[PDB]
$ cat query-v4.pdb   # PDB, C-alpha atoms
ATOM      1  CA  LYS A   2     -53.497 -85.148 -86.860  1.00  0.00           C
ATOM      2  CA  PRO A   3     -52.235 -83.797 -90.199  1.00  0.00           C
ATOM      3  CA  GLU A   4     -55.653 -82.424 -91.183  1.00  0.00           C
ATOM      4  CA  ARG A   5     -56.308 -80.991 -87.727  1.00  0.00           C
ATOM      5  CA  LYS A   6     -53.062 -79.001 -87.710  1.00  0.00           C
ATOM      6  CA  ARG A   7     -53.632 -77.191 -91.014  1.00  0.00           C
ATOM      7  CA  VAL A   8     -57.209 -76.278 -90.091  1.00  0.00           C
ATOM      8  CA  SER A   9     -56.208 -75.291 -86.544  1.00  0.00           C
ATOM      9  CA  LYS A  10     -53.495 -72.981 -87.928  1.00  0.00           C
ATOM     10  CA  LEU A  11     -56.033 -71.220 -90.163  1.00  0.00           C
ATOM     11  CA  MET A  12     -58.345 -71.021 -87.128  1.00  0.00           C
ATOM     12  CA  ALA A  13     -55.600 -69.209 -85.224  1.00  0.00           C
ATOM     13  CA  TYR A  14     -55.017 -66.776 -88.090  1.00  0.00           C
ATOM     14  CA  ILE A  15     -58.728 -65.945 -88.322  1.00  0.00           C
ATOM     15  CA  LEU A  16     -59.351 -65.689 -84.583  1.00  0.00           C
ATOM     16  CA  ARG A  17     -56.101 -63.944 -83.590  1.00  0.00           C
ATOM     17  CA  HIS A  18     -55.115 -61.680 -86.474  1.00  0.00           C
ATOM     18  CA  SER A  19     -57.385 -60.979 -89.469  1.00  0.00           C
ATOM     19  CA  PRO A  20     -61.029 -61.952 -88.860  1.00  0.00           C
ATOM     20  CA  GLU A  21     -62.161 -58.984 -90.961  1.00  0.00           C
ATOM     21  CA  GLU A  22     -60.427 -60.457 -94.006  1.00  0.00           C
ATOM     22  CA  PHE A  23     -63.062 -63.220 -93.875  1.00  0.00           C
ATOM     23  CA  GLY A  24     -65.941 -60.863 -93.172  1.00  0.00           C
ATOM     24  CA  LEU A  25     -65.971 -61.669 -89.440  1.00  0.00           C
ATOM     25  CA  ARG A  26     -66.350 -58.929 -86.812  1.00  0.00           C
ATOM     26  CA  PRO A  27     -65.401 -60.194 -83.324  1.00  0.00           C
ATOM     27  CA  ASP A  28     -67.117 -58.880 -80.247  1.00  0.00           C
ATOM     28  CA  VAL A  29     -65.110 -57.075 -77.584  1.00  0.00           C
ATOM     29  CA  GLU A  30     -64.227 -60.413 -75.927  1.00  0.00           C
ATOM     30  CA  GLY A  31     -62.866 -61.882 -79.192  1.00  0.00           C
ATOM     31  CA  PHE A  32     -65.786 -64.236 -79.926  1.00  0.00           C
ATOM     32  CA  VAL A  33     -67.150 -64.836 -83.416  1.00  0.00           C
ATOM     33  CA  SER A  34     -70.081 -67.024 -84.412  1.00  0.00           C
ATOM     34  CA  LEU A  35     -69.115 -70.696 -84.704  1.00  0.00           C
ATOM     35  CA  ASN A  36     -71.157 -71.083 -87.896  1.00  0.00           C
ATOM     36  CA  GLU A  37     -69.455 -68.008 -89.363  1.00  0.00           C
ATOM     37  CA  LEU A  38     -66.014 -69.420 -88.531  1.00  0.00           C
ATOM     38  CA  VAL A  39     -66.918 -72.703 -90.228  1.00  0.00           C
ATOM     39  CA  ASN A  40     -67.937 -70.906 -93.435  1.00  0.00           C
ATOM     40  CA  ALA A  41     -64.719 -68.891 -93.317  1.00  0.00           C
ATOM     41  CA  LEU A  42     -62.643 -72.068 -92.988  1.00  0.00           C
ATOM     42  CA  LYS A  43     -64.640 -73.617 -95.846  1.00  0.00           C
ATOM     43  CA  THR A  44     -63.521 -70.853 -98.222  1.00  0.00           C
ATOM     44  CA  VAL A  45     -60.069 -72.460 -97.905  1.00  0.00           C
ATOM     45  CA  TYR A  46     -60.802 -76.084 -96.884  1.00  0.00           C
ATOM     46  CA  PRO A  47     -64.241 -76.943 -98.312  1.00  0.00           C
ATOM     47  CA  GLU A  48     -64.540 -80.243 -96.401  1.00  0.00           C
ATOM     48  CA  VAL A  49     -64.483 -78.579 -92.956  1.00  0.00           C
ATOM     49  CA  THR A  50     -67.608 -79.078 -90.814  1.00  0.00           C
ATOM     50  CA  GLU A  51     -68.774 -77.788 -87.444  1.00  0.00           C
ATOM     51  CA  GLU A  52     -68.099 -81.214 -85.916  1.00  0.00           C
ATOM     52  CA  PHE A  53     -64.515 -81.118 -87.162  1.00  0.00           C
ATOM     53  CA  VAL A  54     -64.009 -77.691 -85.563  1.00  0.00           C
ATOM     54  CA  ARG A  55     -65.460 -78.935 -82.260  1.00  0.00           C
ATOM     55  CA  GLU A  56     -63.109 -81.916 -82.423  1.00  0.00           C
ATOM     56  CA  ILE A  57     -60.169 -79.557 -82.973  1.00  0.00           C
ATOM     57  CA  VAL A  58     -61.176 -77.483 -79.934  1.00  0.00           C
ATOM     58  CA  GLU A  59     -61.841 -80.443 -77.624  1.00  0.00           C
ATOM     59  CA  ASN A  60     -58.579 -82.231 -78.511  1.00  0.00           C
ATOM     60  CA  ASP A  61     -56.252 -79.209 -78.746  1.00  0.00           C
ATOM     61  CA  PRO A  62     -53.327 -80.000 -76.398  1.00  0.00           C
ATOM     62  CA  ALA A  63     -52.502 -76.349 -75.622  1.00  0.00           C
ATOM     63  CA  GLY A  64     -56.043 -75.102 -74.974  1.00  0.00           C
ATOM     64  CA  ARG A  65     -55.834 -72.579 -77.812  1.00  0.00           C
ATOM     65  CA  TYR A  66     -59.598 -72.128 -78.279  1.00  0.00           C
ATOM     66  CA  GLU A  67     -62.815 -71.690 -76.326  1.00  0.00           C
ATOM     67  CA  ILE A  68     -66.415 -72.402 -77.324  1.00  0.00           C
ATOM     68  CA  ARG A  69     -69.277 -70.850 -75.328  1.00  0.00           C
ATOM     69  CA  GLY A  70     -72.527 -72.211 -76.679  1.00  0.00           C
ATOM     70  CA  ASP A  71     -72.322 -71.370 -80.406  1.00  0.00           C
ATOM     71  CA  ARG A  72     -69.550 -68.759 -80.168  1.00  0.00           C
ATOM     72  CA  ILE A  73     -65.791 -69.317 -80.394  1.00  0.00           C
ATOM     73  CA  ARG A  74     -62.589 -67.353 -79.798  1.00  0.00           C
ATOM     74  CA  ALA A  75     -58.863 -67.820 -79.499  1.00  0.00           C
ATOM     75  CA  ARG A  76     -57.839 -67.710 -75.849  1.00  0.00           C
ATOM     76  CA  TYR A  77     -54.547 -65.900 -76.538  1.00  0.00           C
ATOM     77  CA  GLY A  78     -52.196 -64.684 -79.250  1.00  0.00           C
ATOM     78  CA  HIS A  79     -54.379 -61.819 -80.503  1.00  0.00           C
ATOM     79  CA  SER A  80     -52.860 -58.912 -82.428  1.00  0.00           C
ATOM     80  CA  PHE A  81     -56.024 -56.811 -82.019  1.00  0.00           C
ATOM     81  CA  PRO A  82     -57.551 -55.527 -78.766  1.00  0.00           C
ATOM     82  CA  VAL A  83     -59.694 -58.006 -76.808  1.00  0.00           C
ATOM     83  CA  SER A  84     -61.153 -57.964 -73.294  1.00  0.00           C
ATOM     84  CA  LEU A  85     -60.326 -61.325 -71.714  1.00  0.00           C
ATOM     85  CA  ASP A  86     -61.916 -62.632 -68.517  1.00  0.00           C
ATOM     86  CA  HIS A  87     -59.377 -65.397 -67.843  1.00  0.00           C
ATOM     87  CA  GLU A  88     -58.695 -66.696 -64.352  1.00  0.00           C
ATOM     88  CA  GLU A  89     -55.551 -65.321 -62.748  1.00  0.00           C
ATOM     89  CA  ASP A  90     -52.553 -67.585 -62.093  1.00  0.00           C
ATOM     90  CA  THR A  91     -51.626 -67.138 -58.425  1.00  0.00           C
ATOM     91  CA  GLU A  92     -50.042 -70.614 -58.014  1.00  0.00           C
ATOM     92  CA  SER A  93     -47.013 -70.604 -60.346  1.00  0.00           C
ATOM     93  CA  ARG A  94     -43.721 -69.624 -58.741  1.00  0.00           C
ATOM     94  CA  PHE A  95     -41.648 -69.441 -61.930  1.00  0.00           C
ATOM     95  CA  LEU A  96     -42.609 -68.923 -65.556  1.00  0.00           C
ATOM     96  CA  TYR A  97     -40.519 -69.416 -68.686  1.00  0.00           C
ATOM     97  CA  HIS A  98     -39.974 -67.638 -71.984  1.00  0.00           C
ATOM     98  CA  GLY A  99     -37.690 -68.744 -74.814  1.00  0.00           C
ATOM     99  CA  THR A 100     -36.279 -66.136 -77.153  1.00  0.00           C
ATOM    100  CA  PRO A 101     -33.373 -65.834 -79.602  1.00  0.00           C
ATOM    101  CA  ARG A 102     -30.123 -64.932 -77.854  1.00  0.00           C
ATOM    102  CA  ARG A 103     -29.842 -61.878 -80.126  1.00  0.00           C
ATOM    103  CA  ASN A 104     -32.734 -60.290 -78.175  1.00  0.00           C
ATOM    104  CA  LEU A 105     -31.025 -60.524 -74.774  1.00  0.00           C
ATOM    105  CA  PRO A 106     -29.436 -57.022 -74.764  1.00  0.00           C
ATOM    106  CA  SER A 107     -32.761 -55.381 -75.579  1.00  0.00           C
ATOM    107  CA  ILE A 108     -34.761 -57.548 -73.165  1.00  0.00           C
ATOM    108  CA  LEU A 109     -32.384 -56.873 -70.275  1.00  0.00           C
ATOM    109  CA  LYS A 110     -32.952 -53.106 -70.829  1.00  0.00           C
ATOM    110  CA  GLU A 111     -36.709 -53.035 -71.502  1.00  0.00           C
ATOM    111  CA  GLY A 112     -38.018 -56.377 -70.272  1.00  0.00           C
ATOM    112  CA  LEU A 113     -40.304 -58.507 -72.390  1.00  0.00           C
ATOM    113  CA  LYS A 114     -42.663 -56.435 -74.532  1.00  0.00           C
ATOM    114  CA  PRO A 115     -45.845 -57.573 -76.314  1.00  0.00           C
ATOM    115  CA  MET A 116     -44.487 -56.507 -79.794  1.00  0.00           C
ATOM    116  CA  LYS A 117     -47.280 -57.036 -82.380  1.00  0.00           C
ATOM    117  CA  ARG A 118     -49.506 -58.815 -79.852  1.00  0.00           C
ATOM    118  CA  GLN A 119     -51.718 -57.478 -77.093  1.00  0.00           C
ATOM    119  CA  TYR A 120     -49.916 -59.500 -74.380  1.00  0.00           C
ATOM    120  CA  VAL A 121     -46.562 -61.019 -73.562  1.00  0.00           C
ATOM    121  CA  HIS A 122     -46.818 -64.820 -73.694  1.00  0.00           C
ATOM    122  CA  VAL A 123     -44.921 -67.087 -71.260  1.00  0.00           C
ATOM    123  CA  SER A 124     -45.170 -70.739 -70.237  1.00  0.00           C
ATOM    124  CA  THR A 125     -45.223 -72.988 -67.198  1.00  0.00           C
ATOM    125  CA  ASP A 126     -43.218 -75.543 -69.253  1.00  0.00           C
ATOM    126  CA  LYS A 127     -39.506 -75.190 -70.090  1.00  0.00           C
ATOM    127  CA  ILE A 128     -39.466 -77.312 -73.263  1.00  0.00           C
ATOM    128  CA  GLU A 129     -42.429 -75.455 -74.774  1.00  0.00           C
ATOM    129  CA  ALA A 130     -40.965 -72.037 -73.926  1.00  0.00           C
ATOM    130  CA  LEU A 131     -37.779 -73.069 -75.744  1.00  0.00           C
ATOM    131  CA  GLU A 132     -39.625 -74.576 -78.724  1.00  0.00           C
ATOM    132  CA  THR A 133     -41.570 -71.326 -79.022  1.00  0.00           C
ATOM    133  CA  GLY A 134     -38.290 -69.397 -79.018  1.00  0.00           C
ATOM    134  CA  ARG A 135     -36.839 -71.701 -81.677  1.00  0.00           C
ATOM    135  CA  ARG A 136     -39.475 -70.449 -84.159  1.00  0.00           C
ATOM    136  CA  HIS A 137     -37.708 -67.059 -84.177  1.00  0.00           C
ATOM    137  CA  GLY A 138     -34.089 -68.225 -84.456  1.00  0.00           C
ATOM    138  CA  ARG A 139     -31.700 -71.151 -83.988  1.00  0.00           C
ATOM    139  CA  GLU A 140     -29.664 -69.776 -81.039  1.00  0.00           C
ATOM    140  CA  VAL A 141     -32.170 -69.487 -78.183  1.00  0.00           C
ATOM    141  CA  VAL A 142     -32.038 -68.669 -74.459  1.00  0.00           C
ATOM    142  CA  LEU A 143     -34.416 -69.732 -71.711  1.00  0.00           C
ATOM    143  CA  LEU A 144     -35.638 -66.857 -69.546  1.00  0.00           C
ATOM    144  CA  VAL A 145     -36.788 -67.745 -66.028  1.00  0.00           C
ATOM    145  CA  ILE A 146     -39.364 -65.311 -64.650  1.00  0.00           C
ATOM    146  CA  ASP A 147     -40.223 -64.800 -60.984  1.00  0.00           C
ATOM    147  CA  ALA A 148     -44.032 -64.860 -61.053  1.00  0.00           C
ATOM    148  CA  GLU A 149     -44.326 -63.267 -57.602  1.00  0.00           C
ATOM    149  CA  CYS A 150     -42.148 -60.347 -58.752  1.00  0.00           C
ATOM    150  CA  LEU A 151     -44.734 -59.818 -61.503  1.00  0.00           C
ATOM    151  CA  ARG A 152     -47.671 -59.921 -59.089  1.00  0.00           C
ATOM    152  CA  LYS A 153     -46.003 -57.507 -56.658  1.00  0.00           C
ATOM    153  CA  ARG A 154     -45.509 -55.018 -59.489  1.00  0.00           C
ATOM    154  CA  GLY A 155     -49.231 -55.200 -60.266  1.00  0.00           C
ATOM    155  CA  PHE A 156     -49.112 -57.395 -63.377  1.00  0.00           C
ATOM    156  CA  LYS A 157     -51.958 -59.893 -63.447  1.00  0.00           C
ATOM    157  CA  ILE A 158     -50.961 -63.276 -64.876  1.00  0.00           C
ATOM    158  CA  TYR A 159     -53.809 -64.900 -66.783  1.00  0.00           C
ATOM    159  CA  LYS A 160     -54.341 -68.628 -67.342  1.00  0.00           C
ATOM    160  CA  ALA A 161     -54.836 -68.335 -71.083  1.00  0.00           C
ATOM    161  CA  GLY A 162     -53.940 -71.896 -72.068  1.00  0.00           C
ATOM    162  CA  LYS A 163     -53.021 -75.212 -70.455  1.00  0.00           C
ATOM    163  CA  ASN A 164     -49.381 -74.097 -70.142  1.00  0.00           C
ATOM    164  CA  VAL A 165     -49.552 -70.660 -71.792  1.00  0.00           C
ATOM    165  CA  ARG A 166     -49.824 -67.624 -69.522  1.00  0.00           C
ATOM    166  CA  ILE A 167     -50.223 -64.037 -70.675  1.00  0.00           C
ATOM    167  CA  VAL A 168     -49.291 -60.812 -68.922  1.00  0.00           C
ATOM    168  CA  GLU A 169     -49.198 -57.184 -70.017  1.00  0.00           C
ATOM    169  CA  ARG A 170     -45.386 -57.145 -69.928  1.00  0.00           C
ATOM    170  CA  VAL A 171     -42.450 -58.531 -67.962  1.00  0.00           C
ATOM    171  CA  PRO A 172     -40.176 -55.838 -66.514  1.00  0.00           C
ATOM    172  CA  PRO A 173     -36.501 -56.850 -66.547  1.00  0.00           C
ATOM    173  CA  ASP A 174     -36.355 -56.924 -62.711  1.00  0.00           C
ATOM    174  CA  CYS A 175     -38.627 -60.007 -62.806  1.00  0.00           C
ATOM    175  CA  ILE A 176     -36.189 -62.042 -64.927  1.00  0.00           C
ATOM    176  CA  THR A 177     -34.046 -64.153 -62.591  1.00  0.00           C
ATOM    177  CA  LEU A 178     -32.036 -66.229 -65.106  1.00  0.00           C
ATOM    178  CA  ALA A 179     -30.974 -66.333 -68.756  1.00  0.00           C
ATOM    179  CA  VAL A 180     -29.549 -69.690 -69.833  1.00  0.00           C
TER     180      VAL A 180
END

$ encode --input "query-v4.pdb" --output "structure tokens"
Amino acid sequence: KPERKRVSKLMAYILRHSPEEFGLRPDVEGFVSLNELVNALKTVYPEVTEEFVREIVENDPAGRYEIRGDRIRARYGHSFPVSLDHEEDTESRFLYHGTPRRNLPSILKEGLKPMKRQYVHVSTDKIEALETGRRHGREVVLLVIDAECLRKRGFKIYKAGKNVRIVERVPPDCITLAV
């Protein structure tokens, strides 16, 4: 577990934020070559192999990554434009987003915004929404989001991870609770 986490974190940095810093040029869908990713990871962790990367992908509890044949991408979290063909979530009734309490005044005016990312990220799981919020501050609130409000306003909700969902933004009308 302790070797998988460090390598997985570098995988997220390369596939979500700065692939070009490792000489990788993603296609429009966010995929890079699996062999090219392995060599990029080896510049930092020389023991990494293709099999180890496949093990990381297969066992990742959030569904962070996707392999198609010999290509790989992050499924969410990107800070550069990507065209994603994820299935839409039409089943969830409520979604969750944890954020520092200090952001509540701004969020209740503008809704959730993507900030440095392409998409707003939310969750089907309360604990994980709150643990995500806790990365940004100690005093955190749980936002409860009416998923049908989002769909009625035209915002597609995409099944990006096992629990993670992404959407272009969350207007403040779609927030039913702040606890």

$ closest_residue --input "query-v4.pdb" --among "A:134, A:115, A:101, A:155" --to "residue 170 (chain A)" --atoms "all atoms listed in the file"
A:115

$ resolve_selection --input "query-v4.pdb" --expression "the PyMOL selection byres ((chain A and resi 8-25) around 8)" --output "list in words"
residues 4, 5, 6, 7, 26, 27, 31, 33, 37, 38, 41, 42, 46, 57, 74, 75, 77, 78, 79, 80 and 81 of chain A

$ resolve_selection --input "query-v4.pdb" --expression "the PyMOL selection byres ((chain A and resi 156) around 10)" --output "PyMOL selection string"
chain A and resi 148-155+157-159+167-172

$ closest_residue --input "query-v4.pdb" --among "A:40, A:133, A:125, A:107" --to "residue 161 (chain A)" --atoms "only C-alpha atoms"
A:125

$ residues_around --input "query-v4.pdb" --residues "residue 36 (chain A)" --least-positions-apart "2" --cutoff "12 Å" --atoms "all atoms listed in the file" --output "PyMOL selection string"
chain A and resi 25+32-34+38-43+49-52+54-55+68+70-73

$ write_last_selection --input "query-v4.pdb" --atoms "C-alpha atoms" --output "CSV table (one decimal), in the coordinates of the input"
chain,number,residue,atom,x,y,z
A,25,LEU,CA,-66.0,-61.7,-89.4
A,32,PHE,CA,-65.8,-64.2,-79.9
A,33,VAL,CA,-67.2,-64.8,-83.4
A,34,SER,CA,-70.1,-67.0,-84.4
A,38,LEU,CA,-66.0,-69.4,-88.5
A,39,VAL,CA,-66.9,-72.7,-90.2
A,40,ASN,CA,-67.9,-70.9,-93.4
A,41,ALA,CA,-64.7,-68.9,-93.3
A,42,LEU,CA,-62.6,-72.1,-93.0
A,43,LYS,CA,-64.6,-73.6,-95.8
A,49,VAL,CA,-64.5,-78.6,-93.0
A,50,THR,CA,-67.6,-79.1,-90.8
A,51,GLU,CA,-68.8,-77.8,-87.4
A,52,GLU,CA,-68.1,-81.2,-85.9
A,54,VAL,CA,-64.0,-77.7,-85.6
A,55,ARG,CA,-65.5,-78.9,-82.3
A,68,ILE,CA,-66.4,-72.4,-77.3
A,70,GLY,CA,-72.5,-72.2,-76.7
A,71,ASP,CA,-72.3,-71.4,-80.4
A,72,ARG,CA,-69.6,-68.8,-80.2
A,73,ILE,CA,-65.8,-69.3,-80.4

$ atom_distance --input "query-v4.pdb" --atom1 "CA of residue 124 (chain A)" --atom2 "CA of residue 143 (chain A)"
10.9 Å

$ atom_distance --input "query-v4.pdb" --atom1 "CA of residue 63 (chain A)" --atom2 "CA of residue 132 (chain A)"
13.4 Å

$ residues_around --input "query-v4.pdb" --residues "residue 177 (chain A)" --least-positions-apart "3" --cutoff "9 Å" --atoms "all atoms listed in the file" --output "PyMOL selection string"
chain A and resi 144-147+173-174

$ closest_residue --input "query-v4.pdb" --among "A:160, A:118, A:110, A:65" --to "residue 93 (chain A)" --atoms "all atoms listed in the file"
A:160

$ closest_residue --input "query-v4.pdb" --among "A:47, A:29, A:76, A:104" --to "residue 64 (chain A)" --atoms "only C-alpha atoms"
A:76

$ residues_near_point --input "query-v4.pdb" --point "(-35.1, -76.2, -68.9)" --cutoff "10 Å" --atoms "all atoms listed in the file" --output "list in words"
residues 97, 99, 126, 127, 128, 129, 130, 131, 142, 143, 144, 145 and 180 of chain A

$ axis_aligned_box --input "query-v4.pdb" --around "region 57-76 of chain A" --padding-each-side "8 Å" --output "JSON"
{"center_x": -62.5, "center_y": -74.8, "center_z": -79.0, "size_x": 36.0, "size_y": 30.9, "size_z": 24.0}

$ atom_distance --input "query-v4.pdb" --atom1 "CA of residue 56 (chain A)" --atom2 "CA of residue 96 (chain A)"
29.6 Å

$ closest_residue --input "query-v4.pdb" --among "A:166, A:122, A:102, A:117" --to "residue 82 (chain A)" --atoms "only C-alpha atoms"
A:117
